[PDB]
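Right, one structure below, let's go through it.
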Amino acid sequence: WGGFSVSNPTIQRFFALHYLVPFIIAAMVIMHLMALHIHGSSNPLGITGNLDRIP
Amino acid sequence: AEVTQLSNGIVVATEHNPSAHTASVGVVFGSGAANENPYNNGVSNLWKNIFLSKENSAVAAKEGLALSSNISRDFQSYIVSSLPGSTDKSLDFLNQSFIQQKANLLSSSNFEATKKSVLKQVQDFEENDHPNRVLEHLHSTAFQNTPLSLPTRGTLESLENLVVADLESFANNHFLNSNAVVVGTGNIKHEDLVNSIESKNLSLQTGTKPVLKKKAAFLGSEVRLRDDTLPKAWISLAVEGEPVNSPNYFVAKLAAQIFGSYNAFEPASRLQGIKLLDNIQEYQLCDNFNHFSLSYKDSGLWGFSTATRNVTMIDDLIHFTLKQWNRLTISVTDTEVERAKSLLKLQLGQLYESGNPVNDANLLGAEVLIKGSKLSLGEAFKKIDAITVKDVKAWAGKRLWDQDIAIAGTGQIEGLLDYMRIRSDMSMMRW
Ligand SMILES: CCCCCCCCCCCCCCCCCC(=O)O[C@@H](COC(=O)CCCCCCCCCCCCCCC)COP(=O)(O)OC[C@H](O)CO
Ligand code: HEM
């Protein structure tokens with residue numbers, strides 16, 4: 166918390182980290198899409214979907 | 027060689043050729059697979075087999091002659107080949123076969139034997155012959171609910187629902203004097219011209235062929251017969267063509283001939299042709315090409331066929347073929363047109379110059395049942411030479427640019443995009 170008080174460094178670092186964390190969001194979402202593309206998608210029927218597919 | 031015409035109740039045609047010495051005379055009917063409802067499909071095939079089945083012994087015993095048959099879409103032909111000096115015997119046998127009397131030829135045991143033989147033959151065709159199967163399926167899917175789509179051999183379930191009534195009904199309703207000619211191909215001069223027309227030596231049952239409520243149609247339907255047991259994948263494409271007796275027949279034929287055929291397993295086929303051959307040779311995609319331009323009395327079918335051992339490469343092959351078709355309608359070099367014209371001249375020369383009397387008789391009957399007289403080869407060559415780049419470009423723009431297409435396939439078709447990706451590739455590209 167940048168000491169017992171609040172000054173410029175505290176709010177500045179808070180704004181910087183709110184700016185930065187969504188970049189980690191983007192990277193981990195890239196990982197999420199990679200895993201999705203590797204493993205495919207499920208179906209509402211809860212059954213195998215390899216029988217038919219469309220682009 | 028020359029063509030003659032005359033008529034009295036019936037039509038008689040003859041194309042004498044003294045070089046050959048195999049005279050063939052037979053009748054041709056303008057009613058085949060296109061004049062039969064889906065519930066009566068194999069009646070023409072049963073007729074063909076029942077004239078090829080039993081009296082084939084009598085023809086070889088009493089005389090000497092080999093009798094053939096052919097049904098393609100509407101041209102039910104029964105040719106009777108013979109020697110140059112023995113044509114009257116063939117004509118007499120043909121008369122004793124058709125006009126009187128067919129009761130002996132229609133018996134229970136003979137019909138049952140013919141029925142089981144036809145069932146075995148159609149089952150064998152449906153099992154083995156894949157490209158013909160996909161062609162028939164393309165026909166059956168392009169002309170949905172129209173007397174032009176049902177196959178020419180008869181669907182399996184349709185055979186066993188007709189015995190003697192349907193066959194005789196077809197005989198009484200289509201074997202008439204209005205849509206029948208008597209070809210005379212071979213080396214016969216004037217005996218055919220006189221003996222065909224007689225006081226009573228002509229087919230009985232004067233009348234008229236029943237009219238058809240529906241003429242034809244063409245809608246873009248897709249059909250797939252996916253099954254992974256087969257090793258290869260056969261797919262065919264098509265568009266709307268032109269009927270016979272239209273001023274676009276030879277332009278369409280030239281457009282088909284422009285891309286031609288191909289065979290990867292022949293050293294003489296990988297080094298000629300046009301661009302898509304070069305684009306394909308780099309990766310082993312396809313094996314066979316068949317650019318066909320079929321035409322019937324109602325409508326035509328200008329298409330494409332192939333067969334690939336590779337299964338992942340189907341999409342690339344289809345895309346390249348469609349891209350080349352797209353390029354055809356915008357920019358074709360005059361050299362391409364000249365080469366296609368020469369190749370088509372050679373192809374038609376081989377087609378119409380073969381020494382087989384039966385094939386010449388079939389072509390003569392086919393071209394006389396629609397127009398009235400055969401279009402001679404010299405005039406055909408002249409009008410082929412009349413074609414230019416402007417005419418073929420105009421025809422391609424009219425009948426290919428963004429037009430409805432029909433697709434068929436069987437085998438390993440897991441990698442084929444269904445209908446929108448293929449259709450979109452004719453106009454989405456930059457033009
Ligand atoms: C919610 C998910 C998406 C979010 C947003 C995505 C953002 C990225 C977008 C990436 C591109 C998608 C935008 C639309 C692309 C249209 C389709 C396309 O271009 O691809 C075709 C590619 O098409 C071609 O190859 C021919 C057309 C292109 C030639 C003409 C180019 C004109 C000028 C293009 C300018 C843009 C250049 C860059 C293009 C990426 C595939 O179809 P096909 O014609 O090949 O048919 C399939 C066939 O069976 C196999 O080929
Ligand atoms: C917040 C950012 C996210 C993005 C951009 C994202 C994106 C996607 C995409 C594109 C898919 C494929 C199906 C679809 O389009 O929905 C998907 C599927 C899925 N996601 Fe996410 N996702 C996100 C977050 C999450 C989270 C937080 C969870 C945790 C519960 C989650 C769980 C799943 C699951 C279980 C599927 C499976 C759907 C299927 O069966 O394909 N996702 N996600």
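Here the protein sequences line up with chains A and B, keeping their order.
So for the first sequence, UniProt numbering puts the first residue at 166; every next one is plus one.
So for the second sequence, UniProt numbering puts the first residue at 27; every next one is plus one.
For each residue, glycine too, the CB sits at the ideal point set by N, CA and C.
State the start and end residues of the unbroken beta strand (DSSP E) segment that holds residue i.
| i | result |
| --- | --- |
| B:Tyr-275 | No beta strand (DSSP E) contains B:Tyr-275, which is instead part of the alpha helix (DSSP H) from 275–285. |
| B:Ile-433 | 432–437 |
| B:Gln-102 | 102–107 |
| B:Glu-266 | 259–266 |
| B:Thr-332 | 326–334 |
| B:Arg-250 | 248–252 |
| B:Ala-206 | 206–209 |
Where do the ends of the alpha helix (DSSP H) carrying residue i lie?
| i | result |
| --- | --- |
| A:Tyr-184 | 173–204 |
| B:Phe-137 | 134–153 |
| B:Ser-166 | 156–168 |
| B:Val-220 | 217–221 |
| B:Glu-183 | 182–185 |
| B:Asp-451 | Here B:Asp-451 belongs to no alpha helix (DSSP H), and DSSP marks it neither H nor E. |
| B:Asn-130 | It is not in any alpha helix (DSSP H) - B:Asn-130 carries neither H nor E in the DSSP assignment. |
| B:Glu-194 | 191–200 |
| A:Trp-166 | Here A:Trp-166 belongs to no alpha helix (DSSP H), and DSSP marks it neither H nor E. |
| B:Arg-296 | B:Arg-296 -> no alpha helix (DSSP H), and no H or E assigned at all. |
Compute the beta-carbon to beta-carbon distance between residue i and residue j, rounded to the nearest angstrom, for a pair I have assumed lies under 8 Å.
| i | j | result |
| --- | --- | --- |
| B:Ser-331 | B:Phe-318 | 7 Å |
| B:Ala-333 | B:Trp-260 | 5 Å |
| B:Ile-433 | B:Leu-263 | 6 Å |
| B:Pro-273 | B:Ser-325 | Contact doesn't hold; Cβ gap of about 16 Å is too wide. |
| B:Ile-284 | B:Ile-300 | 7 Å |
| B:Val-53 | B:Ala-206 | 6 Å |
| B:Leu-374 | A:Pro-220 | No, B:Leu-374 and A:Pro-220 are not in contact; Cβ-Cβ is about 42 Å, not under 8 Å. |
| B:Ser-95 | B:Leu-78 | 6 Å |
| B:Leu-354 | B:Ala-420 | That pair is no contact at about 12 Å. |
| B:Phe-101 | B:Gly-391 | 6 Å |
| B:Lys-279 | B:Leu-185 | Actually they are not in contact, since the Cβ atoms of B:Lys-279 and B:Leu-185 sit about 35 Å apart, beyond 8 Å. |
| B:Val-190 | B:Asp-417 | Going by Cβ atoms, the distance from B:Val-190 to B:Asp-417 rounds to 52 Å, so no, they are not a contact pair. |
| B:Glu-440 | B:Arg-296 | With a Cβ gap of about 28 Å, B:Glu-440 and B:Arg-296 do not count as contacting. |
| B:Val-415 | B:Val-358 | 6 Å |
Can you find the residues in the same chain that come closer than 8 Å, C-beta to C-beta, to residue i, ignoring five residues on each side of it along the sequence?
| i | result |
| --- | --- |
| B:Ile-214 | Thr-40, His-42, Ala-49, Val-51, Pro-110 and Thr-113 |
| B:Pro-173 | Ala-60, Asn-61, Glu-62, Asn-63, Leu-238 and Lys-240 |
| B:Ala-282 | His-317, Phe-318, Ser-319 and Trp-328 |
| B:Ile-36 | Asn-203, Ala-206, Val-207, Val-208, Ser-222, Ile-223, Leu-228 and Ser-229 |
| B:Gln-126 | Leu-230 |
| B:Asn-82 | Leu-93 |
| B:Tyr-445 | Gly-246, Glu-248 and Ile-433 |
| B:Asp-411 | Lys-367 |
Going by DSSP in three states, residue i sits in which element: helix, strand or coil?
| i | result |
| --- | --- |
| B:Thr-361 | helix |
| B:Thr-30 | strand |
| B:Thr-48 | coil |
| B:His-42 | strand |
| B:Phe-119 | helix |
| B:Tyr-378 | helix |
| B:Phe-315 | strand |
| B:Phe-55 | strand |
| B:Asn-227 | coil |
| B:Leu-93 | strand |
| B:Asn-289 | strand |
| B:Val-37 | strand |
| B:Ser-321 | strand |
Got a sec? Which residues, its chain only, sit under 6 Å from residue i by beta carbon, not counting five neighbours each side?
| i | result |
| --- | --- |
| residue 463 of chain B | Any property of residue 463 of chain B remains undetermined from this structure, which presents chain B solely from 27 to 457. |
| B:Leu-176 | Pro-64 and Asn-67 |
| B:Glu-89 | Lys-115 |
| B:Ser-108 | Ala-49, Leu-91 and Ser-116 |
| B:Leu-256 | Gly-437 |
Excluding sequence positions up to five away, which residues of its chain have a Cβ less than 7 Å from the Cβ of residue i?
| i | result |
| --- | --- |
| B:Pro-44 | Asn-213 |
| B:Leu-311 | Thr-334, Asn-336, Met-339, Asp-342 and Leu-343 |
| B:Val-249 | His-163, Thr-167 and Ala-434 |
| B:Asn-198 | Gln-231 |
4 or more residues per run - each alpha helix (DSSP H) lying fully within the stretch 391–447 of chain B: Complete alpha helix (DSSP H) runs here, min 4: 403–412 and 415–425.
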